[PDB]
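Trainee: Below is query.cif; it holds mmCIF, N, CA and C atoms; chains and numbers go by the auth columns.
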data_upload
loop_
_atom_site.group_PDB
_atom_site.id
_atom_site.type_symbol
_atom_site.label_atom_id
_atom_site.label_comp_id
_atom_site.label_asym_id
_atom_site.label_seq_id
_atom_site.Cartn_x
_atom_site.Cartn_y
_atom_site.Cartn_z
_atom_site.B_iso_or_equiv
_atom_site.auth_seq_id
_atom_site.auth_asym_id
ATOM 1 N N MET A 1 -42.343 -68.396 111.942 0.00 1 A
ATOM 2 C CA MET A 1 -43.261 -69.535 111.660 0.00 1 A
ATOM 3 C C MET A 1 -44.711 -69.062 111.781 0.00 1 A
ATOM 4 N N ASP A 2 -45.391 -68.915 110.676 0.00 2 A
ATOM 5 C CA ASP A 2 -46.808 -68.455 110.728 0.00 2 A
ATOM 6 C C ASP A 2 -47.402 -68.472 109.313 0.00 2 A
ATOM 7 N N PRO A 3 -47.839 -69.633 108.897 0.00 3 A
ATOM 8 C CA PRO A 3 -48.436 -69.835 107.573 0.00 3 A
ATOM 9 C C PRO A 3 -49.466 -68.743 107.274 0.00 3 A
ATOM 10 N N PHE A 4 -50.268 -68.379 108.237 0.00 4 A
ATOM 11 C CA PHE A 4 -51.290 -67.325 107.984 0.00 4 A
ATOM 12 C C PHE A 4 -50.602 -65.993 107.679 0.00 4 A
ATOM 13 N N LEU A 5 -49.576 -65.647 108.411 0.00 5 A
ATOM 14 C CA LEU A 5 -48.879 -64.353 108.144 0.00 5 A
ATOM 15 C C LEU A 5 -48.453 -64.303 106.675 0.00 5 A
ATOM 16 N N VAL A 6 -47.881 -65.364 106.176 0.00 6 A
ATOM 17 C CA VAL A 6 -47.452 -65.373 104.749 0.00 6 A
ATOM 18 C C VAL A 6 -48.690 -65.241 103.860 0.00 6 A
ATOM 19 N N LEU A 7 -49.792 -65.787 104.295 0.00 7 A
ATOM 20 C CA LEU A 7 -51.044 -65.702 103.491 0.00 7 A
ATOM 21 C C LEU A 7 -51.510 -64.245 103.422 0.00 7 A
ATOM 22 N N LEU A 8 -51.186 -63.457 104.410 0.00 8 A
ATOM 23 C CA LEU A 8 -51.616 -62.033 104.394 0.00 8 A
ATOM 24 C C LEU A 8 -50.679 -61.229 103.493 0.00 8 A
ATOM 25 N N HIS A 9 -49.439 -61.625 103.411 0.00 9 A
ATOM 26 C CA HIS A 9 -48.477 -60.884 102.548 0.00 9 A
ATOM 27 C C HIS A 9 -48.820 -61.130 101.077 0.00 9 A
ATOM 28 N N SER A 10 -49.342 -62.285 100.764 0.00 10 A
ATOM 29 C CA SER A 10 -49.697 -62.584 99.347 0.00 10 A
ATOM 30 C C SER A 10 -51.035 -61.925 99.002 0.00 10 A
ATOM 31 N N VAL A 11 -52.063 -62.221 99.749 0.00 11 A
ATOM 32 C CA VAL A 11 -53.395 -61.613 99.464 0.00 11 A
ATOM 33 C C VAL A 11 -53.296 -60.084 99.524 0.00 11 A
ATOM 34 N N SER A 12 -52.334 -59.560 100.235 0.00 12 A
ATOM 35 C CA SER A 12 -52.198 -58.078 100.322 0.00 12 A
ATOM 36 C C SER A 12 -52.009 -57.500 98.918 0.00 12 A
ATOM 37 N N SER A 13 -51.224 -58.147 98.102 0.00 13 A
ATOM 38 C CA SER A 13 -50.997 -57.636 96.719 0.00 13 A
ATOM 39 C C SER A 13 -52.281 -57.778 95.894 0.00 13 A
ATOM 40 N N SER A 14 -53.132 -58.706 96.245 0.00 14 A
ATOM 41 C CA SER A 14 -54.395 -58.885 95.472 0.00 14 A
ATOM 42 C C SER A 14 -55.513 -58.008 96.058 0.00 14 A
ATOM 43 N N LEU A 15 -55.185 -57.066 96.904 0.00 15 A
ATOM 44 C CA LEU A 15 -56.240 -56.192 97.489 0.00 15 A
ATOM 45 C C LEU A 15 -56.176 -54.821 96.813 0.00 15 A
ATOM 46 N N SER A 16 -54.992 -54.298 96.647 0.00 16 A
ATOM 47 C CA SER A 16 -54.839 -52.968 95.993 0.00 16 A
ATOM 48 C C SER A 16 -55.444 -51.887 96.885 0.00 16 A
ATOM 49 N N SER A 17 -55.285 -50.647 96.514 0.00 17 A
ATOM 50 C CA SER A 17 -55.853 -49.544 97.337 0.00 17 A
ATOM 51 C C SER A 17 -57.385 -49.631 97.348 0.00 17 A
ATOM 52 N N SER A 18 -57.969 -50.384 96.449 0.00 18 A
ATOM 53 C CA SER A 18 -59.454 -50.494 96.423 0.00 18 A
ATOM 54 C C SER A 18 -59.940 -51.312 97.623 0.00 18 A
ATOM 55 N N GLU A 19 -59.521 -52.544 97.736 0.00 19 A
ATOM 56 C CA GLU A 19 -59.976 -53.376 98.888 0.00 19 A
ATOM 57 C C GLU A 19 -59.444 -52.780 100.194 0.00 19 A
ATOM 58 N N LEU A 20 -58.272 -52.212 100.165 0.00 20 A
ATOM 59 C CA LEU A 20 -57.707 -51.615 101.407 0.00 20 A
ATOM 60 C C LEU A 20 -58.560 -50.415 101.827 0.00 20 A
ATOM 61 N N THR A 21 -59.128 -49.722 100.877 0.00 21 A
ATOM 62 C CA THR A 21 -59.972 -48.542 101.213 0.00 21 A
ATOM 63 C C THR A 21 -61.298 -49.014 101.813 0.00 21 A
ATOM 64 N N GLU A 22 -61.794 -50.137 101.373 0.00 22 A
ATOM 65 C CA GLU A 22 -63.084 -50.644 101.922 0.00 22 A
ATOM 66 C C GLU A 22 -62.877 -51.113 103.364 0.00 22 A
ATOM 67 N N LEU A 23 -62.086 -52.134 103.559 0.00 23 A
ATOM 68 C CA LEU A 23 -61.846 -52.639 104.940 0.00 23 A
ATOM 69 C C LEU A 23 -61.362 -51.493 105.834 0.00 23 A
ATOM 70 N N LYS A 24 -60.739 -50.494 105.265 0.00 24 A
ATOM 71 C CA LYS A 24 -60.252 -49.355 106.095 0.00 24 A
ATOM 72 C C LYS A 24 -61.450 -48.559 106.620 0.00 24 A
ATOM 73 N N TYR A 25 -62.405 -48.282 105.774 0.00 25 A
ATOM 74 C CA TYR A 25 -63.600 -47.510 106.222 0.00 25 A
ATOM 75 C C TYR A 25 -64.299 -48.262 107.355 0.00 25 A
ATOM 76 N N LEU A 26 -64.598 -49.515 107.153 0.00 26 A
ATOM 77 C CA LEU A 26 -65.279 -50.301 108.221 0.00 26 A
ATOM 78 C C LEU A 26 -64.383 -50.366 109.461 0.00 26 A
ATOM 79 N N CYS A 27 -63.093 -50.276 109.284 0.00 27 A
ATOM 80 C CA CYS A 27 -62.174 -50.333 110.456 0.00 27 A
ATOM 81 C C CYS A 27 -62.351 -49.072 111.304 0.00 27 A
ATOM 82 N N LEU A 28 -62.657 -47.966 110.683 0.00 28 A
ATOM 83 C CA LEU A 28 -62.843 -46.705 111.455 0.00 28 A
ATOM 84 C C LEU A 28 -63.887 -46.928 112.552 0.00 28 A
ATOM 85 N N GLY A 29 -63.452 -47.196 113.753 0.00 29 A
ATOM 86 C CA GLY A 29 -64.419 -47.423 114.864 0.00 29 A
ATOM 87 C C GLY A 29 -64.372 -48.890 115.293 0.00 29 A
ATOM 88 N N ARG A 30 -64.297 -49.792 114.352 0.00 30 A
ATOM 89 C CA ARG A 30 -64.249 -51.239 114.707 0.00 30 A
ATOM 90 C C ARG A 30 -62.872 -51.579 115.283 0.00 30 A
ATOM 91 N N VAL A 31 -61.834 -51.383 114.517 0.00 31 A
ATOM 92 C CA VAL A 31 -60.467 -51.695 115.019 0.00 31 A
ATOM 93 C C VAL A 31 -59.881 -50.460 115.704 0.00 31 A
ATOM 94 N N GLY A 32 -60.152 -49.295 115.182 0.00 32 A
ATOM 95 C CA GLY A 32 -59.609 -48.054 115.805 0.00 32 A
ATOM 96 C C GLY A 32 -59.168 -47.081 114.711 0.00 32 A
ATOM 97 N N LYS A 33 -58.840 -45.872 115.077 0.00 33 A
ATOM 98 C CA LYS A 33 -58.400 -44.878 114.059 0.00 33 A
ATOM 99 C C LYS A 33 -56.872 -44.840 114.009 0.00 33 A
ATOM 100 N N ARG A 34 -56.230 -44.979 115.136 0.00 34 A
ATOM 101 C CA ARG A 34 -54.740 -44.952 115.153 0.00 34 A
ATOM 102 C C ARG A 34 -54.198 -46.149 114.371 0.00 34 A
ATOM 103 N N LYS A 35 -54.917 -47.239 114.364 0.00 35 A
ATOM 104 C CA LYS A 35 -54.443 -48.440 113.620 0.00 35 A
ATOM 105 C C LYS A 35 -54.384 -48.124 112.123 0.00 35 A
ATOM 106 N N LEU A 36 -55.383 -47.460 111.609 0.00 36 A
ATOM 107 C CA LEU A 36 -55.385 -47.123 110.157 0.00 36 A
ATOM 108 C C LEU A 36 -54.303 -46.078 109.872 0.00 36 A
ATOM 109 N N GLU A 37 -54.042 -45.209 110.810 0.00 37 A
ATOM 110 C CA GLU A 37 -52.998 -44.168 110.589 0.00 37 A
ATOM 111 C C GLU A 37 -51.646 -44.843 110.349 0.00 37 A
ATOM 112 N N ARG A 38 -51.422 -45.976 110.955 0.00 38 A
ATOM 113 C CA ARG A 38 -50.123 -46.681 110.761 0.00 38 A
ATOM 114 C C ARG A 38 -50.197 -47.555 109.508 0.00 38 A
ATOM 115 N N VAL A 39 -51.364 -48.037 109.176 0.00 39 A
ATOM 116 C CA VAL A 39 -51.500 -48.896 107.966 0.00 39 A
ATOM 117 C C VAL A 39 -50.992 -48.138 106.737 0.00 39 A
ATOM 118 N N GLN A 40 -50.725 -48.838 105.668 0.00 40 A
ATOM 119 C CA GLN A 40 -50.229 -48.162 104.436 0.00 40 A
ATOM 120 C C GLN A 40 -50.556 -49.025 103.216 0.00 40 A
ATOM 121 N N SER A 41 -50.316 -50.306 103.302 0.00 41 A
ATOM 122 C CA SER A 41 -50.615 -51.199 102.147 0.00 41 A
ATOM 123 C C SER A 41 -51.708 -52.194 102.541 0.00 41 A
ATOM 124 N N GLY A 42 -51.469 -52.987 103.550 0.00 42 A
ATOM 125 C CA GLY A 42 -52.496 -53.977 103.981 0.00 42 A
ATOM 126 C C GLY A 42 -51.902 -54.901 105.046 0.00 42 A
ATOM 127 N N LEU A 43 -50.749 -55.453 104.787 0.00 43 A
ATOM 128 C CA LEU A 43 -50.113 -56.362 105.783 0.00 43 A
ATOM 129 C C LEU A 43 -49.937 -55.633 107.119 0.00 43 A
ATOM 130 N N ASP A 44 -49.907 -54.326 107.107 0.00 44 A
ATOM 131 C CA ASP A 44 -49.737 -53.574 108.383 0.00 44 A
ATOM 132 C C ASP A 44 -50.958 -53.799 109.278 0.00 44 A
ATOM 133 N N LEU A 45 -52.136 -53.581 108.760 0.00 45 A
ATOM 134 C CA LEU A 45 -53.362 -53.783 109.584 0.00 45 A
ATOM 135 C C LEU A 45 -53.479 -55.258 109.968 0.00 45 A
ATOM 136 N N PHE A 46 -53.043 -56.139 109.110 0.00 46 A
ATOM 137 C CA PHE A 46 -53.128 -57.593 109.422 0.00 46 A
ATOM 138 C C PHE A 46 -52.083 -57.963 110.482 0.00 46 A
ATOM 139 N N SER A 47 -51.049 -57.176 110.625 0.00 47 A
ATOM 140 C CA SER A 47 -50.007 -57.494 111.642 0.00 47 A
ATOM 141 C C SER A 47 -50.488 -57.051 113.023 0.00 47 A
ATOM 142 N N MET A 48 -51.186 -55.951 113.095 0.00 48 A
ATOM 143 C CA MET A 48 -51.684 -55.470 114.415 0.00 48 A
ATOM 144 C C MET A 48 -52.805 -56.390 114.900 0.00 48 A
ATOM 145 N N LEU A 49 -53.774 -56.648 114.065 0.00 49 A
ATOM 146 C CA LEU A 49 -54.896 -57.537 114.474 0.00 49 A
ATOM 147 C C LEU A 49 -54.342 -58.910 114.858 0.00 49 A
ATOM 148 N N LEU A 50 -53.434 -59.432 114.078 0.00 50 A
ATOM 149 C CA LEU A 50 -52.853 -60.767 114.398 0.00 50 A
ATOM 150 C C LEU A 50 -52.049 -60.678 115.697 0.00 50 A
ATOM 151 N N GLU A 51 -51.512 -59.528 116.000 0.00 51 A
ATOM 152 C CA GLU A 51 -50.718 -59.383 117.252 0.00 51 A
ATOM 153 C C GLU A 51 -51.628 -59.611 118.460 0.00 51 A
ATOM 154 N N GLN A 52 -52.777 -58.991 118.473 0.00 52 A
ATOM 155 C CA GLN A 52 -53.708 -59.173 119.622 0.00 52 A
ATOM 156 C C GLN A 52 -55.050 -58.517 119.298 0.00 52 A
ATOM 157 N N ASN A 53 -56.006 -59.286 118.852 0.00 53 A
ATOM 158 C CA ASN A 53 -57.336 -58.704 118.519 0.00 53 A
ATOM 159 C C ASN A 53 -58.293 -59.818 118.094 0.00 53 A
ATOM 160 N N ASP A 54 -58.103 -60.367 116.925 0.00 54 A
ATOM 161 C CA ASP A 54 -59.006 -61.458 116.460 0.00 54 A
ATOM 162 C C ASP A 54 -58.403 -62.139 115.230 0.00 54 A
ATOM 163 N N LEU A 55 -57.116 -62.359 115.230 0.00 55 A
ATOM 164 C CA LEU A 55 -56.474 -63.021 114.059 0.00 55 A
ATOM 165 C C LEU A 55 -55.485 -64.078 114.553 0.00 55 A
ATOM 166 N N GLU A 56 -55.463 -65.223 113.927 0.00 56 A
ATOM 167 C CA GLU A 56 -54.523 -66.294 114.360 0.00 56 A
ATOM 168 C C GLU A 56 -54.444 -67.369 113.275 0.00 56 A
ATOM 169 N N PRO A 57 -53.506 -68.262 113.439 0.00 57 A
ATOM 170 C CA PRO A 57 -53.281 -69.367 112.503 0.00 57 A
ATOM 171 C C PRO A 57 -54.608 -70.060 112.181 0.00 57 A
ATOM 172 N N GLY A 58 -55.536 -70.038 113.098 0.00 58 A
ATOM 173 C CA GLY A 58 -56.849 -70.694 112.844 0.00 58 A
ATOM 174 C C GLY A 58 -57.964 -69.878 113.501 0.00 58 A
ATOM 175 N N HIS A 59 -57.970 -68.589 113.291 0.00 59 A
ATOM 176 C CA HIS A 59 -59.029 -67.739 113.904 0.00 59 A
ATOM 177 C C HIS A 59 -58.997 -66.347 113.269 0.00 59 A
ATOM 178 N N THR A 60 -59.758 -66.141 112.230 0.00 60 A
ATOM 179 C CA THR A 60 -59.773 -64.807 111.567 0.00 60 A
ATOM 180 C C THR A 60 -61.208 -64.448 111.177 0.00 60 A
ATOM 181 N N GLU A 61 -62.143 -64.658 112.061 0.00 61 A
ATOM 182 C CA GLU A 61 -63.561 -64.331 111.740 0.00 61 A
ATOM 183 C C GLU A 61 -63.740 -62.811 111.646 0.00 61 A
ATOM 184 N N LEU A 62 -62.899 -62.056 112.301 0.00 62 A
ATOM 185 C CA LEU A 62 -63.032 -60.572 112.244 0.00 62 A
ATOM 186 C C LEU A 62 -62.606 -60.060 110.865 0.00 62 A
ATOM 187 N N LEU A 63 -61.394 -60.333 110.468 0.00 63 A
ATOM 188 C CA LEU A 63 -60.920 -59.857 109.137 0.00 63 A
ATOM 189 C C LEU A 63 -61.811 -60.429 108.032 0.00 63 A
ATOM 190 N N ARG A 64 -61.933 -61.725 107.965 0.00 64 A
ATOM 191 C CA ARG A 64 -62.782 -62.338 106.906 0.00 64 A
ATOM 192 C C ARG A 64 -64.199 -61.767 106.984 0.00 64 A
ATOM 193 N N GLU A 65 -64.662 -61.425 108.156 0.00 65 A
ATOM 194 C CA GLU A 65 -66.039 -60.862 108.269 0.00 65 A
ATOM 195 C C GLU A 65 -66.116 -59.574 107.449 0.00 65 A
ATOM 196 N N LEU A 66 -65.124 -58.734 107.561 0.00 66 A
ATOM 197 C CA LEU A 66 -65.136 -57.465 106.786 0.00 66 A
ATOM 198 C C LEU A 66 -65.190 -57.797 105.294 0.00 66 A
ATOM 199 N N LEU A 67 -64.439 -58.777 104.866 0.00 67 A
ATOM 200 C CA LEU A 67 -64.457 -59.146 103.422 0.00 67 A
ATOM 201 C C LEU A 67 -65.867 -59.600 103.041 0.00 67 A
ATOM 202 N N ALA A 68 -66.590 -60.167 103.969 0.00 68 A
ATOM 203 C CA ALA A 68 -67.972 -60.627 103.660 0.00 68 A
ATOM 204 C C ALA A 68 -68.833 -59.405 103.351 0.00 68 A
ATOM 205 N N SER A 69 -68.619 -58.329 104.056 0.00 69 A
ATOM 206 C CA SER A 69 -69.419 -57.100 103.797 0.00 69 A
ATOM 207 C C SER A 69 -69.042 -56.551 102.419 0.00 69 A
ATOM 208 N N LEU A 70 -67.807 -56.718 102.028 0.00 70 A
ATOM 209 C CA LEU A 70 -67.362 -56.216 100.698 0.00 70 A
ATOM 210 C C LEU A 70 -67.932 -57.099 99.579 0.00 70 A
ATOM 211 N N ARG A 71 -68.448 -58.259 99.909 0.00 71 A
ATOM 212 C CA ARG A 71 -69.013 -59.159 98.863 0.00 71 A
ATOM 213 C C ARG A 71 -67.879 -59.695 97.987 0.00 71 A
ATOM 214 N N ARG A 72 -66.760 -60.009 98.582 0.00 72 A
ATOM 215 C CA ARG A 72 -65.618 -60.539 97.787 0.00 72 A
ATOM 216 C C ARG A 72 -65.768 -62.055 97.640 0.00 72 A
ATOM 217 N N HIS A 73 -64.764 -62.716 97.133 0.00 73 A
ATOM 218 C CA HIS A 73 -64.857 -64.194 96.968 0.00 73 A
ATOM 219 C C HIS A 73 -63.450 -64.794 96.933 0.00 73 A
ATOM 220 N N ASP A 74 -62.565 -64.214 96.170 0.00 74 A
ATOM 221 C CA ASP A 74 -61.178 -64.753 96.097 0.00 74 A
ATOM 222 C C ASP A 74 -60.438 -64.442 97.399 0.00 74 A
ATOM 223 N N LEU A 75 -60.681 -63.294 97.970 0.00 75 A
ATOM 224 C CA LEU A 75 -59.992 -62.930 99.240 0.00 75 A
ATOM 225 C C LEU A 75 -60.578 -63.744 100.397 0.00 75 A
ATOM 226 N N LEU A 76 -61.861 -63.978 100.379 0.00 76 A
ATOM 227 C CA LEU A 76 -62.493 -64.763 101.478 0.00 76 A
ATOM 228 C C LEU A 76 -62.159 -66.251 101.320 0.00 76 A
ATOM 229 N N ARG A 77 -61.849 -66.685 100.128 0.00 77 A
ATOM 230 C CA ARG A 77 -61.522 -68.125 99.923 0.00 77 A
ATOM 231 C C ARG A 77 -60.105 -68.415 100.427 0.00 77 A
ATOM 232 N N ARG A 78 -59.163 -67.572 100.104 0.00 78 A
ATOM 233 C CA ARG A 78 -57.764 -67.807 100.566 0.00 78 A
ATOM 234 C C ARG A 78 -57.687 -67.636 102.084 0.00 78 A
ATOM 235 N N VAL A 79 -58.111 -66.507 102.583 0.00 79 A
ATOM 236 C CA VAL A 79 -58.064 -66.272 104.054 0.00 79 A
ATOM 237 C C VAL A 79 -58.817 -67.389 104.779 0.00 79 A
ATOM 238 N N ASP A 80 -60.041 -67.632 104.398 0.00 80 A
ATOM 239 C CA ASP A 80 -60.835 -68.705 105.064 0.00 80 A
ATOM 240 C C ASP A 80 -60.116 -70.049 104.925 0.00 80 A
ATOM 241 N N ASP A 81 -59.329 -70.215 103.896 0.00 81 A
ATOM 242 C CA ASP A 81 -58.607 -71.506 103.713 0.00 81 A
ATOM 243 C C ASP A 81 -57.628 -71.717 104.870 0.00 81 A
ATOM 244 N N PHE A 82 -56.685 -70.831 105.030 0.00 82 A
ATOM 245 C CA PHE A 82 -55.698 -70.983 106.137 0.00 82 A
ATOM 246 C C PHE A 82 -56.417 -70.962 107.491 0.00 82 A
ATOM 247 N N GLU A 83 -57.580 -70.370 107.558 0.00 83 A
ATOM 248 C CA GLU A 83 -58.317 -70.323 108.853 0.00 83 A
ATOM 249 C C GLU A 83 -58.809 -71.726 109.220 0.00 83 A
#
Go ahead and render the structure in this file as structure tokens.
Mentor:
Amino acid sequence: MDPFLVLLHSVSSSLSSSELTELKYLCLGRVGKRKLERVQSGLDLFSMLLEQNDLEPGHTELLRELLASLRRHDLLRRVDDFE
């Protein structure tokens, strides 16, 4: 049970290696380096942060914040929606 988790599995396909490469660079130091080593597509990094960091059914200012630096709009609208 986690509407937001399902929202990360869908938006993950709309990120591609391009958006994953951006949030990954900013993650180097912000979230950690070992976290990116385990990541592979996108839902992986969203599963660790949601586990314990700054992600929840109604609290994702950290992840959405990175999307703000990327200057996105469709990804920030869906994520911010479930938030």
Trainee: Can you list what the PyMOL selection byres (((chain A and resi 82 and name CA) around 12) and name CA) grabs from this structure, as a list in words?
Mentor: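 Selected by the PyMOL selection byres (((chain A and resi 82 and name CA) around 12) and name CA) here: residues 2, 3, 4, 5, 6, 7, 8, 11, 55, 56, 57, 58, 59, 60, 61, 64, 75, 76, 77, 78, 79, 80, 81 and 83 of chain A.
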Trainee: Which of these, A:23, A:15, A:50, A:36, has the shortest distance to residue 70 in chain A once you count only N, CA and C atoms?
Mentor: A:23
Trainee: Please determine, counting only N, CA and C atoms, which residue among A:39, A:48, A:66, A:1 has the shortest atom-to-atom distance to residue 27 in chain A.
Mentor: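 Among the listed residues, A:66 lies closest to residue 27 in chain A.
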Trainee: Give the helix (DSSP H, G or I) residues of chain A, as DSSP finds them on the backbone, and put them as an NGL selection string.
Mentor: :A and (3-13 or 16-30 or 34-38 or 43-51 or 61-70 or 74-82)
Trainee: Which of these, A:24, A:69, A:62, A:12, has the shortest distance to residue 41 in chain A once you count only N, CA and C atoms?
Mentor: A:12
Trainee: Select, from A:53, A:71, A:9, A:18, the residue with the minimum atom-to-atom distance to residue 35 in chain A, counting only C-alpha atoms.
Mentor: A:53
Trainee: Could you pull range 37-57 of chain A out of the structure just shown and give N, CA and C atoms as a short mmCIF file (atom, residue, chain, number, x, y, z; two decimals), in the first residue's frame?
Mentor:
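Output file out_29.cif is given in full below:
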data_model
loop_
_atom_site.label_atom_id
_atom_site.label_comp_id
_atom_site.auth_asym_id
_atom_site.auth_seq_id
_atom_site.Cartn_x
_atom_site.Cartn_y
_atom_site.Cartn_z
N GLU A 37 25.50 3.60 -6.73
CA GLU A 37 26.12 2.33 -7.19
C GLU A 37 25.05 1.24 -7.26
N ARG A 38 24.07 1.30 -6.40
CA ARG A 38 23.00 0.26 -6.41
C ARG A 38 21.92 0.66 -7.42
N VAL A 39 21.73 1.94 -7.62
CA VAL A 39 20.69 2.39 -8.59
C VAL A 39 20.96 1.77 -9.96
N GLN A 40 19.99 1.78 -10.83
CA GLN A 40 20.19 1.20 -12.19
C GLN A 40 19.19 1.84 -13.17
N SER A 41 17.96 1.96 -12.77
CA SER A 41 16.94 2.58 -13.68
C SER A 41 16.42 3.87 -13.06
N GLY A 42 15.85 3.80 -11.89
CA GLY A 42 15.33 5.03 -11.23
C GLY A 42 14.54 4.64 -9.97
N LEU A 43 13.64 3.71 -10.09
CA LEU A 43 12.84 3.29 -8.90
C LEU A 43 13.78 2.83 -7.78
N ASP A 44 14.98 2.43 -8.11
CA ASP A 44 15.93 1.97 -7.05
C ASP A 44 16.28 3.15 -6.13
N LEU A 45 16.70 4.25 -6.69
CA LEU A 45 17.06 5.42 -5.84
C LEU A 45 15.81 5.92 -5.11
N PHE A 46 14.66 5.81 -5.73
CA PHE A 46 13.41 6.27 -5.08
C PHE A 46 13.01 5.30 -3.96
N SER A 47 13.48 4.08 -4.01
CA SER A 47 13.12 3.11 -2.94
C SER A 47 13.99 3.35 -1.71
N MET A 48 15.23 3.71 -1.91
CA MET A 48 16.13 3.96 -0.74
C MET A 48 15.71 5.26 -0.05
N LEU A 49 15.55 6.31 -0.80
CA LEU A 49 15.14 7.61 -0.19
C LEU A 49 13.80 7.44 0.51
N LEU A 50 12.87 6.76 -0.12
CA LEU A 50 11.54 6.56 0.52
C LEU A 50 11.69 5.68 1.76
N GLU A 51 12.68 4.82 1.78
CA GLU A 51 12.87 3.93 2.96
C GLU A 51 13.20 4.79 4.18
N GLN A 52 14.11 5.71 4.04
CA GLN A 52 14.48 6.58 5.20
C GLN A 52 15.40 7.70 4.73
N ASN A 53 14.85 8.86 4.48
CA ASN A 53 15.70 10.00 4.01
C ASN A 53 14.84 11.26 3.87
N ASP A 54 14.00 11.31 2.86
CA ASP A 54 13.14 12.51 2.68
C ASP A 54 12.05 12.20 1.65
N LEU A 55 11.47 11.03 1.70
CA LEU A 55 10.40 10.68 0.73
C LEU A 55 9.25 9.99 1.47
N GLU A 56 8.04 10.33 1.13
CA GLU A 56 6.87 9.70 1.81
C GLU A 56 5.60 10.00 1.02
N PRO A 57 4.54 9.34 1.40
CA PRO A 57 3.23 9.49 0.76
C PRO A 57 2.89 10.98 0.61
#
